[PDB]
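In what follows, a single structure is set out as structure tokens and then discussed.
Reconstructed Cβ throughout: ideal geometry from the backbone, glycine too, with neighbour counts over all protein chains shown. What follows draws every value from the coordinates through simple rules; no lab data is involved.
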Amino acid sequence: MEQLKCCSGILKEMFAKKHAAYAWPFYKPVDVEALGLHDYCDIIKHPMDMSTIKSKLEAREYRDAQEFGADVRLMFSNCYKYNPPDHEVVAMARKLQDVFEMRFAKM
Ligand SMILES: CCS(=O)(=O)Nc1ccc(Oc2ccccc2)c(-c2[nH]c(C)c3c(=O)[nH]ncc23)c1
């Protein structure tokens, strides 16, 4: 679909240098072992990150833009669920979500 090409463009924007200061904690799966977040899998049933989303899009795992969008929002929701609301990573997720929501609304 044309909307799946729009999804590739959303990912290029989210990975761009302009947003790297707040997007970088979302680039790859949360490394629970390196970060000592041994309670993460008890709270987060479905972990999600930008590289996994990119691989799924490349592998045609999304039928349309809504399925793609649901994984991007799952990534943010995981961050909002796991961390206290005042956490630095939550502010970063909000900034990255602003980039996504603005671009997603254009299609
Ligand atoms: C590329 C993924 S990484 O795992 O390789 N690098 C990495 C490194 C540090 C990190 O922590 C922070 C904490 C404060 C500010 C910035 C990042 C995180 C991280 N990322 C998410 C989504 C987190 C979360 O929700 N809670 N705590 C930590 C989370 C991921």
Could we say that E13 is of a type in the set (D, E, K, R) and surrounded by 12 or more Cβ atoms within 10 Å (Cβ to Cβ) here? yes
Out of curiosity, is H46 in contact (Cβ under 8 Å) with a residue 24 or more places away in the chain and either more than 11 Å from the chain's Cα centre (by Cα) or under 23 Å from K17 (Cβ atoms) (or both)? yes
Within segment 93-105, considering residues that are more than 17 Å from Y40 (Cβ to Cβ) and touching a residue at least 40 places away in the same chain (Cβ under 8 Å), the one nearest to the ligand (Cβ to nearest atom): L96
Can you find a residue in segment 87-106 that is among the acidic types (D, E), assigned to a helix (DSSP H, G or I) and surrounded by 11 or more Cβ atoms within 10 Å (Cβ to Cβ)? yes
Looking only at helices (runs of 4 or more DSSP H) that lie completely in segment 31-80, which have at least 3 residues being out of contact with any helix residue (DSSP H, G or I) (no Cβ under 6 Å at 6 or more places or on another chain) and away from the ligand (no atom under 12 Å from the Cβ)? 50-58
Mind checking which residues of segment 7-43 are within 12 Å of the chain's Cα centre (by Cα) and of a type in the set (K, R)? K28
